[PDB]
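Report on the following structure.
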């Protein structure tokens, strides 16, 4: 309910993160110094042994203990405004369970990283004669999936076109739920994120030539239908046309890797602006997206430290 | 005998409006207290002491009320 | 002389009503967080009721001031 | 009688109305969280109605003050 | 001569209007959560209407005080 | 005489306008959630209109008090 | 006959202004959600106008009370 | 003359000012959503102006009440 | 040559001007907030942000209209 | 006199104070977004100053009314 | 003639109550952020009690003016 | 004197108090954004000072009006 | 004494209480952001205190006007 | 040199001083026992050297609250009722009182002038010290800001004391000449702008020293009224339920002790921390903390 109560805890946790000199000095070592440097910080509270599954289980467990708490601890408008940040995990778990039900491989097949829902709902939500019953037992009240899966459930029971329209319905529903209340720093963020999402969808669907307007959504502002079509077909002056927007140094980029690098950098830049609002929802946004940037950069530095990769392979991926 | 009522409406205004002030305070402080208790049981005493700290408002309101009563 | 009974009565009613407004503003968010805690689990029922019924002190003080004015009446 | 009946009446009416405002403010957030808790599941009906019919102690105190003001009239 | 009826009239109108304000503030958030729960699904309609009609107790109490005050006249 | 006929009008006005404020506050959040539910689909129409047209009972009670007050004078 | 027509005029003006404040509070959030639904898609024009023009009933009620007070004046 | 002129003046002033407050509270959120819809695309200049100039029916009604009272002067 | 009119018409004028001032202040708060947000995004929506900020000053020129009407018929 | 100067004084003070409250409500949100746009970059300085210093038209109009009242004091 | 003691006492009560509302509004959000810093780790104890006890200047300034008024009463 | 000086006193007091409320409303959000910009980095000190000390123009206007009223006393 | 001494005192106390309400509104949000910035690390103390206690000029201005009115009688 | 002497002017009860002396002898016995102080309710664990420093500040504070309980003349609130130990002419029993502090016609103007006078001394000492530190490092903007705030503040104070205080508008107007001339000279020979809005808050900081007399009168007449209600309604109603009224007034007196001595202990030190320390700077570049070779031992 109260934004300041959650914001105090989030500012305490933002007081404890990893600096730049950490990975700048962890850019050249041999994975034992990595275990050494992670023995001290707050990610070492769950580090059991040594090796790659230990480090991955430690990062996932500390992120679930340190990030998955803030969807709780408030009740009402505050949780309705803070739950729409860390909700990609629930979509990934739900589509994994959807393809597992549509495949036939057993229910203990997937690993099911934690999102925002307790896993007893997942254990109960595999056996249902009607997939509407699965969406009903999945339904916590104001949830976006609880009103999106039953929205695009109105064709069949279990298909893959259902999953594609589930993804599109999820994106437009999260954007509409951002528009449906008053947070002046989260509506613009989710609009810019879903603009990034369908832009990189158009980049990773180049060359095919299939109907783009069935894939293009609404909720972004920097792109429209004609830029989406002329970006799916191969001329990239339209990608050079985007100036004035925060897509600033991103011009003339063709391959998927440099594209997604630039999009992740501009998302973390525009999401670090959230200290502009030290009372509302901007600060917990600037905590959570900085935390996931730090987590995935820690993971990539772990991979380099273990496998002895050159630092020239990683130097471009700590640029922001 | 004309001003004998207006001292009492001043008394009642002080009592009610200071009660409003510490109600506004105890709203957010008790919301944070119930959130901390719903997290764990181990924050009981801190929730009670932060909740009972803004009663300064109403005991000062009772001070003003008993001033205006002791005059009358 | 007149114009005293009505004015001590409007002081009485204003005190009771405005203290009721104060504890209403308190119990709004306190009971909201309480119902959220109850919807999370049933274990914390008695602590939710004691944090909800702590601001009855406001209105028993308001009724104290009202009954002091009425005994003066 | 005279003028004092009107002023004790506006004190009584102000008490009733302002205490009603207090418990309406108190019931807004609690009713919102209670409807959300019913939307979770249908098991928590009785606790929702007891947290919603708790703060009408305010208005029965307001009706008490109103009926005592009528009793002094 | 006398100024009784006008001042009891402004007391009556102030009581009714201010009680209406309080129950409007209550039904705002209660109906917001109710329309959310119904637009989720229609399986909780009677409970949504009983939570919305629960703050009409405020209105009928306020009109009870209004008619007691009119019957005093 | 020439003020008792006058004060009932500010009583009637502070009844009706303040009850109008109450039901406007009541209609605000319900209208917002109803336009959101229509923005989902154009099928939750009847429930949105019934939740919006429910809290005008406040102002029909306010006009009841107004016309009773005019029935006095 | 001193203050009679002035006091019934300030009752009239207070009624009109306060009902105006009520429907301003309603039309704020209703027009916000309406412009949001229009900026989403154009086909929600009729529902936005019916939900926005529904709370002007409060100000036509206030004008009804105003014209009755002008008629008695 | 005497006592009437100033009191109908404060009646007119209260009506105009309070209706201005009502439509300002409306145009706050309506213009906020309108500026957001302008910032999304330039094809909302034809809907933000109609939804923003719709709630000045409030203040033309308020100036109608003011000029009716000024004619009653 | 009133003895009470001269003050009470003045509190009427002051109440009208002050309360209409509060009305357009509450409007221009959120409208200017979204305007400064859209200008901080790009330096292109300047004229439309100025026209939406200066559109609710109709309220205060109406308040000054009522004030000077009461000043004329004083 | 004993009644002219005091009531034109409370009119002058009410106009100045309430216009100050209006432009304080405006400058709150506009200054918050201006400090934010400064915290992004120093290239949005002049527009932040012009949007912050626009709503003091309110209080120069308020002092215009106050000094017209001083000229007719 | 006798309009001195009651009016200086209602000035006293108004100052005390309104300053009390001021520091309640302050301590609400400050104590909320204080408990939000306390319940994470218990090392922010004194550096939250300083911020909670900081706004207690307001009621004692109101009490200063109250005790001066009691000295003149 | 008599009724004169008391009413010019409540005029000047209402002016300074209500303008102080206005600039407190402004400095709330501007100081919150300023503390946020300082806690980001310590190079925002001059701009946070100039935006927090800008809306004191309201209260130097209010003290100007109060000293004019004390002069005309 | 008469009406003079009574009304200058409420013009004093209204100013004190209402300026205190203004600085409570300011220090609420500024203390929230200050407790935040301290709860990050114990390094922003010398800037959180100066940004927190910049708004106390309002209540010393209220006490200034109050002492002017105290010496005025 | 200042803070216990201000806290004496806050708390002028000999009974509060005796209770502080009791908890001080308890706490000095606790450092005699050499135990680290622990409480898990507050998670407060701390070493006995800090606790010995707390003994020292408590003794050096309780002397000034004894002497300002003598001068203000209040024993445990008001136990001068039965034994008239403090001499007012309305009931002269014993040795006289210097200032009564319960009424305001005798007290308030003198105490409020002295409460402003301490702020005058404090703020002028702070601005003179900032001018000294600007003169030291050969950095001139600090010198100009110090002399400008000093001149503007003494000019505003002289104009206030002349045109809103007493008569004799002849002598102080040359001091207004000097003060505003120095202020304009500083702003011209400075170009360090936005000092002009600061001088209003600067007068705010020299004038915000009312709060020592404010909480002094608040806590003083609050304790006096509580012991007045208890003592009167115990003695003159029943004469043998006097222990009932005595212990309920005692427990409510200790309740308001425990519930607001934190606040009116905190008020003088925030007065120092947000007037005097921030006048001469003290909030720039954070210094650098001296930590030696530890050898933790």
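General remarks:
The first chain written gets the first letter, and so on, giving A, B, C, D, E, F, G, H, I, J, K, L, M and N; residue counts start at 1 in each chain.
The working rule: a contact is a pair of C-beta atoms (placed from the backbone, for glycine too) under 8 Å apart; a residue touches a chain by one contact, two chains touch by 3 or more.
Looking at which of K-N and A-M shares more C-beta pairs in contact, the answer is the pair K-N. Put simply, the chain farthest from chain H by mean CA position is N. In terms of their C-alpha centroids, the spacing between chain H and chain M amounts to 34 Å. If you average the Cα atoms of chain D and of chain L, the two centres end up 38 Å apart. In terms of their C-alpha centroids, the spacing between chain D and chain K amounts to 27 Å. The distance from the centre of chain K to the centre of chain M, with each centre set as the mean of the Cα atoms, comes to 10 Å.
Annotation for chain L: residues 1-7, 10-14, 16-18, 21-25, 28-29, 32-37, 39-40, 48, 53, 56, 59, 66 touch two or more other chains. For chain A, the set of residues that touch two or more other chains comprises 1-2, 4-5, 7-8, 12, 75-76, 141-142, 147, 176, 180, 184, 275-279, 283.
Among the residues of chain N, those touching two or more other chains are numbered 42, 200-201, 210, 218, 260, 263, 270.
The residues of chain I lying in touch with chain A in their complex are 33-34, 37, 41-44. Residues of chain A that touch chain L in their complex: 275-279, 283. The part of chain N that touches chain B in the complex is made up of residues 41-42, 218, 222, 225, 229, 256, 259-260, 263. On the chain A side of its complex with chain M, the touching residues are 4, 7-8, 11-12, 14-15, 278-279, 283. Taken in their complex, chain M has these residues touching chain L: 2-8, 10-19, 21-26, 28-30, 32-34, 36-37, 40, 44, 47-48, 51-52, 54-55, 57-59, 61-62, 65, 68-69, 72.
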